[PDB]
Amino acid sequence: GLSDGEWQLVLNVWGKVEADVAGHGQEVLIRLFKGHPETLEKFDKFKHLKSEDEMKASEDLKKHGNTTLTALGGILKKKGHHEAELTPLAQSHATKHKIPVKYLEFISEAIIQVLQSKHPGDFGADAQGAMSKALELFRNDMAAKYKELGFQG
Ligand code: HEM
């Protein structure tokens, strides 16, 4: 959905995340939990973290962040011919974890805020715009799969 050029920007900033997937993954879930505390409640092993000090110290949080970003990089690498990899994710999220589309917007924001915080240099006006279109396509495709399995509610 982006131009070839926009995908390139997207894969190029993602190259930075790939050099530290779990430290970027940890910081994204801390930003999401801190930003929207209600999301935390969706996680049984984190539901009890009461502060950012406890979130930073959690081994499990760091793992789950690695898991989350590893899965999103597999989707981003397919540029948009990503139906196959998105499916299973829409399936588990809609049906087993029961994650509203709204929360996919909250995590897209937490992603942009960590790339901006960790790579101010590299994540300039054009990289930010290309990653925001890429996360919006992701969330639109997830919403599409949700309304299909017949959720969104
Ligand atoms: C960038 C968007 C996301 C991606 C790529 C992603 C990826 C994953 C993956 C790969 C798993 C493990 C497999 C599965 O159970 O499907 C998972 C589990 C899970 N996800 Fe997500 N996720 C995303 C967003 C969210 C959001 C926004 C929430 C909640 C606010 C969430 C809640 C959960 C929960 C509750 C589980 C089960 C965790 C566990 O095993 O205890 N996910 N997610």
# chains A, B, ... in the order shown; residues from 1 in each chain; ligands from 1

$ closest_atom_pairs --of "range 110-144 of chain A" --to "range 62-79 of chain A" --cutoff "10 Å" --atoms "only C-alpha atoms" --output "tab-separated table"
residue	atom	partner	partner_atom	distance
A:111	CA	A:69	CA	9.4
A:131	CA	A:76	CA	9.6
A:134	CA	A:76	CA	7.5
A:135	CA	A:76	CA	8.7
A:137	CA	A:79	CA	9.9
A:138	CA	A:75	CA	8.3

$ write_last_selection --atoms "N, CA and C atoms" --output "PDB file, in the first residue's frame"
ATOM      1  N   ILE A 111       4.920   1.716  19.447  1.00  0.00           N
ATOM      2  CA  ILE A 111       6.091   1.471  18.567  1.00  0.00           C
ATOM      3  C   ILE A 111       6.738   2.735  18.058  1.00  0.00           C
ATOM      4  N   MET A 131       6.688   4.487   8.410  1.00  0.00           N
ATOM      5  CA  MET A 131       6.278   3.480   9.473  1.00  0.00           C
ATOM      6  C   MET A 131       4.892   3.702   9.906  1.00  0.00           C
ATOM      7  N   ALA A 134       2.648   2.031   7.379  1.00  0.00           N
ATOM      8  CA  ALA A 134       2.831   0.572   7.450  1.00  0.00           C
ATOM      9  C   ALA A 134       2.045   0.070   8.663  1.00  0.00           C
ATOM     10  N   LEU A 135       2.044   0.763   9.825  1.00  0.00           N
ATOM     11  CA  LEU A 135       1.287   0.227  11.011  1.00  0.00           C
ATOM     12  C   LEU A 135      -0.202   0.438  10.816  1.00  0.00           C
ATOM     13  N   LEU A 137      -1.656   0.127   7.885  1.00  0.00           N
ATOM     14  CA  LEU A 137      -2.113  -0.895   6.955  1.00  0.00           C
ATOM     15  C   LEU A 137      -2.239  -2.163   7.785  1.00  0.00           C
ATOM     16  N   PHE A 138      -1.270  -2.280   8.710  1.00  0.00           N
ATOM     17  CA  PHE A 138      -1.324  -3.501   9.509  1.00  0.00           C
ATOM     18  C   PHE A 138      -2.668  -3.432  10.211  1.00  0.00           C
TER      19      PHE A 138
END

$ closest_atom_pairs --of "chain A" --to "ligand 1" --cutoff "9 Å" --atoms "only C-alpha atoms and all ligand atoms" --output "tab-separated table"
residue	atom	partner	partner_atom_place_in_ligand_line	distance
A:29	CA	ligand 1	27 (C)	8.8
A:32	CA	ligand 1	30 (C)	8.0
A:33	CA	ligand 1	30 (C)	8.4
A:36	CA	ligand 1	30 (C)	8.8
A:38	CA	ligand 1	30 (C)	7.9
A:39	CA	ligand 1	30 (C)	4.2
A:40	CA	ligand 1	30 (C)	6.6
A:41	CA	ligand 1	30 (C)	8.0
A:42	CA	ligand 1	35 (C)	4.9
A:43	CA	ligand 1	35 (C)	4.7
A:44	CA	ligand 1	41 (O)	6.4
A:45	CA	ligand 1	41 (O)	6.6
A:46	CA	ligand 1	41 (O)	8.6
A:64	CA	ligand 1	38 (C)	7.1
A:65	CA	ligand 1	7 (C)	8.6
A:67	CA	ligand 1	10 (C)	5.5
A:68	CA	ligand 1	7 (C)	4.0
A:69	CA	ligand 1	5 (C)	6.0
A:70	CA	ligand 1	10 (C)	7.3
A:71	CA	ligand 1	5 (C)	4.7
A:72	CA	ligand 1	5 (C)	4.2
A:73	CA	ligand 1	5 (C)	8.0
A:74	CA	ligand 1	5 (C)	8.7
A:75	CA	ligand 1	5 (C)	7.9
A:86	CA	ligand 1	5 (C)	8.4
A:88	CA	ligand 1	16 (O)	7.0
A:89	CA	ligand 1	16 (O)	5.2
A:90	CA	ligand 1	16 (O)	8.0
A:91	CA	ligand 1	16 (O)	7.6
A:92	CA	ligand 1	16 (O)	4.6
A:93	CA	ligand 1	16 (O)	5.9
A:96	CA	ligand 1	15 (O)	7.5
A:97	CA	ligand 1	35 (C)	5.0
A:98	CA	ligand 1	35 (C)	7.7
A:99	CA	ligand 1	29 (C)	5.5
A:100	CA	ligand 1	30 (C)	7.8
A:101	CA	ligand 1	27 (C)	8.0
A:102	CA	ligand 1	27 (C)	8.1
A:103	CA	ligand 1	27 (C)	4.7
A:104	CA	ligand 1	27 (C)	4.6
A:105	CA	ligand 1	27 (C)	7.5
A:106	CA	ligand 1	27 (C)	6.7
A:107	CA	ligand 1	27 (C)	5.3
A:108	CA	ligand 1	1 (C)	6.5
A:111	CA	ligand 1	1 (C)	8.2
A:135	CA	ligand 1	1 (C)	8.1
A:138	CA	ligand 1	1 (C)	8.3
A:139	CA	ligand 1	2 (C)	8.3

$ select_by_dssp --residues "range 10-61 of chain A" --states "helix (DSSP H, G or I)" --output "MDAnalysis selection string"
chainID A and resid 10:18 21:35 37:42 52:57 59:61

$ residues_around --residues "residue 6 in chain A" --least-positions-apart "4" --cutoff "12 Å" --atoms "only C-alpha atoms" --output "ChimeraX atom specification"
/A:1-2,10-13,76,79-80,125-134

$ atom_distance --atom1 "CA of residue 35 in chain A" --atom2 "CA of residue 113 in chain A"
10.7 Å

$ closest_residue --among "A:141, A:153, A:23, A:3" --to "residue 82 in chain A" --atoms "only C-alpha atoms"
A:141
